[PDB]
*Asks:* 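Encoded as C-alpha cells, here's the structure I'll be asking about.
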Amino acid sequence: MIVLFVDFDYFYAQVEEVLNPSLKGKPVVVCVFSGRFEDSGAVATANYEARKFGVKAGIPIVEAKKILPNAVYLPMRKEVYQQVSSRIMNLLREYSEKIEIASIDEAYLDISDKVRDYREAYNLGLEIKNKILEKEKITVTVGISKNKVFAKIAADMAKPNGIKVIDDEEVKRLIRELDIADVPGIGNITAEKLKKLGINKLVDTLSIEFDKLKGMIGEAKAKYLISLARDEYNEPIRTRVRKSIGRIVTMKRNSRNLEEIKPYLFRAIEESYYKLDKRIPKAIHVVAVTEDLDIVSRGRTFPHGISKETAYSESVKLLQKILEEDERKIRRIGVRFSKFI
DNA sequence: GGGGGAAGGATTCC
DNA sequence: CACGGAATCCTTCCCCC
Ligand SMILES: Nc1nc2c(ncn2[C@H]2C[C@H](O)[C@@H](COP(=O)(O)OP(=O)(O)OP(=O)(O)O)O2)c(=O)[nH]1
Ligand SMILES: [Ca+2]
Ligand SMILES: [Ca+2]
Ligand SMILES: [Ca+2]
C-alpha cells in the first residue's frame, strides 16, 4: 500500500498572495479581528517570511505587531480560501478516486492500485505539485509512505514546498528515533502525559503495560500508538462527510446579560443556517467560551429537523441553561448544528 | 453484563 | 491581550433486555 499526502503551504496567507502577487516576499499575516479594540484578535496564519520571526497561528495580533510592526496584516476571508481549496481537491480526484479530504487544505490519496513502487510515486508527486502550481498557482508539500500517519510525517519533514518518501526501511528508523510528540494526534497535553510514563518514542509504548497506558491516555490513543509502533497500523482512505456546521463570534465585551448576548447568538445562527445549504440538522448546540477561555456547551437532539425559527427559540433556552449552570462571564458565543437528516 | 444513545467535557490541528 | 471550524474520544447517565 502507498499513501500520498498533500498539504498546501501557509495556505490562507498564500491565497492572499495569489490574489495580490505584490505581497510575494513581504511578511504576510492573515488575521481575525474580534472588534474589541483597535487590533484586538488573533493570527489565523502567516507566510514564512513572518513565521521565521515567531509570528505563527494563535498569538494575539497585538503581539504580532510588536514583532513585525511593518508586516502586511490582512483580514481572514474563509469563503475564498474555501473555494480555492475545492478547485484544488478536484485536480486531485484526477489521480485517484480513493481520496480522503482531511481538512480545508490537505488530502490523502490512495495510489496503491496506480503505481508499482516509491520511485514511481515520487514521480506522481512531482506531477501533482506541478499541476497545482501551474493551474491555481499554489505550492504544496507532498508526503509518501505506507500508511496515512507516516505519509503525513513525511510531509511534516519536507515543509515547505517539498516532497519526501518515507519508505519501509526508514519507517523502522523512525519508530525508534521519532519524537513521540511529533506524531499526528499527540498534542501538548497528550505529549506531557506520555512523559510521566517515560515514553519519548513510538517504541516505548511497546514496553509499557497496556492497562497502564490505556489508563493514562485512554483506550483509543493507546491502541493507535501501539499499532503504529508495531508497524501494523493501516487505516484506509475514507471519503469524509461533514457531520457538523456552526459559527462562534466574539462580543465587544464579556457579559452574562441575556439581552446583550442574544444578538451575537442570533447572528451566529443566521450565518450558520446559510452554510447548511439545503441540509437539515436534528441536533443543535450552543457553545460558549467563558472569560477564562474555558469552553462550555449545551445541546438538544430532536426527533425531526430544526427549522430556523425553532433554532432561534431553542438556542435561547440553551444559553439560559448555560448562564444558570455556570457563574462565569461569557466571551465568545456560537452555535453548532449536527446529525443531519 | 452490556448494547445504544445522548450529553457535557477534553484534545488535536490529523 | 488569545479567533475560528470541526472531528474524535472520554465519562457519566439513562433505559432496559
Ligand atoms: N483561524 C484559524 N485558522 C487556522 C489556525 N490554524 C490553522 N488555521 C487554518 C489557516 C491555515 O492556512 C490552514 C492550514 O493549516 P496548516 O496547519 O496546514 O498551516 P499552514 O498551511 O498555514 O502552514 P504549513 O505550510 O502547513 O506549515 O488552517 C488557527 O489557529 N486559527
Ligand atoms: Ca498546510
Ligand atoms: Ca494542513
Ligand atoms: Ca505535536
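Here is how names work: the chains are called A, B, and so on, in the same order as the sequence lines, proteins then strands, and each is numbered from 1. What's counted below: heavy atoms across the whole structure, side chains too, no hydrogens, waters or symmetry copies.
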*Asks:* For A:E219 and A:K275, take the nucleotide of DNA chain C holding the closest heavy atom to each; which residue's nucleotide lies nearer the 5' end?
*Replies:* A:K275
*Asks:* Considering only side-chain heavy atoms of A:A220, which listed nucleotide, C:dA2, C:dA7, C:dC9, is closest?
*Replies:* C:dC9
*Asks:* Strictly below 4.0 Å: does A:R238 bring a side-chain N or O up to OP1 or OP2 of C:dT8?
*Replies:* yes
*Asks:* Should A:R247 be listed as having a side-chain N or O under 4.0 Å from OP1 or OP2 of C:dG5?
*Replies:* yes
*Asks:* Does C:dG4 have OP1 or OP2 under 4.0 Å away from a side-chain N or O of A:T250?
*Replies:* yes
*Asks:* Is A:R238 paired with A:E100 through a side-chain N to carboxylate O contact shorter than 4.0 Å?
*Replies:* yes
*Asks:* Who are the side-chain hydrogen bond (donor to acceptor under 3.5 Å, both in side chains) partners of A:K193, not counting sequence neighbours?
*Replies:* none
*Asks:* Can you sort out which residues in residues 29-44 of chain A have a heavy atom within less than 4.0 Å of DNA chain C? Ascending by number, please.
*Replies:* A:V32, A:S34, A:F37, A:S40, A:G41, A:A42
*Asks:* Could you run through nucleotides 1-7 of chain B and give me one letter per nucleotide, 5' to 3': B if any protein heavy atom sits under 4.0 Å from the base, S if only the sugar-phosphate is that close, - if neither?
*Replies:* -----SS
*Asks:* For A:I245, report the nucleic acid contact type (base, sugar-phosphate, nothing); a contact means any heavy atom under 4.0 Å.
*Replies:* sugar-phosphate
*Asks:* Return whichever of A:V241 or A:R331 has its heavy-atom-nearest nucleotide of DNA chain C closer to the 5' end.
*Replies:* A:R331
*Asks:* Parallel, tilted or perpendicular: which fits the ring planes of A:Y273 and A:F337, with parallel below 30° and perpendicular above 60°?
*Replies:* perpendicular
*Asks:* With a 4.0 Å cut-off, would you call A:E97 and A:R93 a salt bridge?
*Replies:* no
*Asks:* Run the salt bridge (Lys or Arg N to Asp or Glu O under 4.0 Å) test on A:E270 and A:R247 for me, step by step, so that the C-alpha distance in whole Å, both residues' side-chain angles and the decisive distance to 0.1 Å come before the verdict.
*Replies:* CA-CA 9 Å; A:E270 280 296 311; A:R247 177 126 179 55; over 6 Å; no
*Asks:* Students often get this wrong, so: under 4.0 angstrom with heavy atoms, is A:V183 touching a base, only sugar-phosphate, or nothing?
*Replies:* sugar-phosphate
*Asks:* Using the side-chain heavy atoms of A:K193, tell me which of these nucleotides is nearest: B:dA10, C:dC3, B:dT11.
*Replies:* B:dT11
*Asks:* Output yes when A:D167 and A:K146 qualify as a salt bridge under the 4.0 Å nitrogen-oxygen rule, no when they do not.
*Replies:* no
*Asks:* Taking NZ, NE, NH1 and NH2 as the nitrogens, is one of them in A:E325 or A:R298 under 4.0 Å from a carboxylate oxygen of the other?
*Replies:* yes
*Asks:* Nearest-Å distance, CG (A:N147) to P (B:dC14)?
*Replies:* 16 Å
*Asks:* Pick base, sugar-phosphate or nothing for A:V249, based on heavy-atom distances below 4.0 Å to the nucleic acid.
*Replies:* sugar-phosphate
*Asks:* Would you say C:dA7 has OP1 or OP2 under 4.0 Å from some side-chain N or O of A:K243?
*Replies:* no
*Asks:* When you check the phosphate oxygens OP1 and OP2 of B:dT12, does a side-chain N or O of A:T190 lie under 4.0 Å from one of them?
*Replies:* yes
*Asks:* Indicate whether any N or O donor in one side chain lies under 3.5 Å from an N or O acceptor in the other, for A:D292 and A:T290.
*Replies:* yes
*Asks:* When you look at CG of A:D113, are more than 12 heavy atoms from neighbouring residues, nucleotides or ligands closer to it than 6.0 Å?
*Replies:* no
*Asks:* Using a 4.0 Å heavy-atom cut-off, does A:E63 contact any base of the nucleic acid, only the sugar-phosphate backbone, or nothing at all?
*Replies:* base
*Asks:* Students often get this wrong, so: under 4.0 angstrom with heavy atoms, is A:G246 touching a base, only sugar-phosphate, or nothing?
*Replies:* sugar-phosphate
*Asks:* Within the 4.0 Å heavy-atom criterion, would you say A:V289 contacts the bases, only the backbone, or no part of the nucleic acid?
*Replies:* nothing
*Asks:* Of the nucleotides C:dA7, C:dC1, C:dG4, which has the atom closest to the A:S244 side chain?
*Replies:* C:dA7
*Asks:* For A:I186, which contact category applies under a 4.0 Å heavy-atom criterion: base, sugar-phosphate, or nothing?
*Replies:* sugar-phosphate
*Asks:* Does OP1 or OP2 of B:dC14 have a side-chain N or O of A:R240 closer than 4.0 Å?
*Replies:* no
*Asks:* For B:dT12, which nucleotide in any strand shown is its Watson-Crick or wobble partner with both distances under 3.5 Å?
*Replies:* C:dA6
*Asks:* Roughly, in whole Å, what's the span from CD1 in A:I322 to P in B:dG8?
*Replies:* 9 Å
*Asks:* May I ask you to say what A:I189 touches in the nucleic acid, namely base, sugar-phosphate or nothing, with a heavy-atom cut-off under 4.0 Å?
*Replies:* sugar-phosphate
*Asks:* If you check every side-chain atom of A:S297, which of B:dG8, C:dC3, B:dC14 has the closest atom?
*Replies:* B:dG8
*Asks:* Apply the side-chain contact (heavy atoms from CB on, under 4.5 Å) test between A:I128 and each candidate in A:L92, A:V142, A:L91; give the one that qualifies.
*Replies:* A:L92
